[PDB]
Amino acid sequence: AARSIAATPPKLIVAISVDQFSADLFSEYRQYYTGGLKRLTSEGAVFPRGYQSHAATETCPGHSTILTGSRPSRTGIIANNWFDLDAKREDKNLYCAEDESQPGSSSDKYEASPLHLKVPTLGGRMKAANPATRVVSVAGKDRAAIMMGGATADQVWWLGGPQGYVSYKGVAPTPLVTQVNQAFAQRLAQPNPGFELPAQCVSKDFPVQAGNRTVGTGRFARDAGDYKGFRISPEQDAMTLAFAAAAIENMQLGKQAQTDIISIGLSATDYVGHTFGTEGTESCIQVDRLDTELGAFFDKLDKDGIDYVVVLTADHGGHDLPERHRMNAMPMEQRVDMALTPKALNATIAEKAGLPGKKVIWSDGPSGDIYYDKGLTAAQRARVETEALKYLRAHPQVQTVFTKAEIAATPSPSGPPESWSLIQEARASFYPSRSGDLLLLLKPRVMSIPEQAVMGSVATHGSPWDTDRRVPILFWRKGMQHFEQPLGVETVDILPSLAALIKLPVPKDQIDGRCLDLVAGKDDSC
């Protein structure tokens, strides 16, 4: 049994990103794991304080770091959406994982593509070193699959809707995929009675009102054919893992001479967290199912005799809805002023700049990147920068605003990510040609979803604060020596850590991360 994680190159790397699986949520339920998460935390190399270190704590930037060893300042994936005011097409909003150069495309109707990603992934690097490498990537969300797989992946599949898993335009379903989609279709057509509460979820079972919604007691009961219900539930993760297992077996991943790699993006935790917040029965059930399904997944790989190493992490952390925080000893938790949402803020700034009724800024939400309209004249732009800063810095819920020049002037951060300044975090997701003219950051404990009568999502991530940056990073291979390392590491450290195990050279000057030693005690895998 006892065997060093670096004894020989693993034959399969399994990289799992659990979307919105924050270190807080991970740590809370840690004492109840009995399945796959138990395996990882009791036997693996455990870094409970990993960091998606940059400020833009969203899915695309986060997934772009996991298998690239690169911060969003290098991957170019600085948000889920960014503005290119010089874009040919009408819609200046660009989706992180689209090819906007395609005719008749818009951010609402896009063609999936890894074109925006500026660097190779680990799979891309492995394939460059050895053409026989298979690189597979499956996920619940296109952006997760696409950013982990990279431009040279062999198979990139994601959940497209009620039809099941799909890929890039032109890519026909393989027999495995049609079989998976048949099973998915059969599961979807059946009602789901829901889940009774795990023992640990009983305490979380109370209703919380937020606008017209009540959350906190959901059990994922759903009607037949309810695709939205299926998506926002543990069912989609179970299906994604079954798909991954089927692909692993069908392609004989890890059964050939070279090392293969499969990346797996489990999206459910994130839909659940947005829809219900993170401390109710919904997230609790979801994490317990995650533990159980991961256990079954690992058991199947074991039974197949595959020599695999697993890394499991998240694309970012998350934060509970203010309404429940206020019931659980956090009375200062609040929702962002509606005055800071795109329409309102532009109108306000216009009127302050003396350009009332005009369009002087573009923004995507009540925080993050803000862009000055290109039409503005030099003097107009100057009045906009002055007035925007003056108004924002005076707002009670605003922590700070950085100018583009201030961020650019900041050196790429180094040292412990848990103690970075806000501008260092900003610099880590700064890419001059895509980033805003200003960066707006809200105070801690301000949720960037305004209070509304009719609400959709009640909770979100995307802030520069610790809840949203901190994520677990867990490495495991059969027989290795467990250790726990509570000091801060970055998700950009993942690539060089894995590369060391398979003796794949990676030029240090092409990445941001550093190699994490995965061998407890004297010997060093780096």
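Residue numbers run from 1 along the displayed sequence.
Peer 1: Which is higher in the entry, the mean Cα B factor of 125-133 or that of 71-79?
Peer 2: Comparing averages over the C-alpha atoms only gives 125-133.
Peer 1: Comparing 391-399 with 412-420, which has the greater mean CA B-factor as deposited?
Peer 2: The stretch with the larger mean CA B-factor is 391-399.
Peer 1: Return the residue from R289, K443, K141, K352 that has the highest Cα B-factor in the entry.
Peer 2: In the PDB entry, the greatest C-alpha B-factor among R289, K443, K141, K352 is found at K352.
Peer 1: Among the choices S433, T275, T269, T313, identify the one whose CA B-factor in the record is greatest.
Peer 2: Reading the PDB entry, the winner on C-alpha B-factor is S433.
Peer 1: Pull the Cα B-factor of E406 out of the PDB entry and bin it into the chain's lowest, middle or highest third.
Peer 2: Top third by C-alpha B-factor.
Peer 1: Looking at the C-alpha B-factor of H325, is it in the lowest, middle or highest third of its chain?
Peer 2: Answer is lowest: the recorded C-alpha B-factor places it there.
Peer 1: Lowest, middle or highest third of the chain for the C-alpha temperature factor of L516?
Peer 2: Its C-alpha B-factor, which the entry lists for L516, ranks in the middle third among residues of this chain.
Peer 1: How does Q236 rank on Cα B-factor within its chain, lowest, middle or highest third?
Peer 2: Middle third.
Peer 1: Once the chain's modelled residues are ordered by C-alpha B factor and cut into thirds, is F195 in the lowest, middle or highest one?
Peer 2: For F195, the deposited C-alpha B-factor lands in the middle third.
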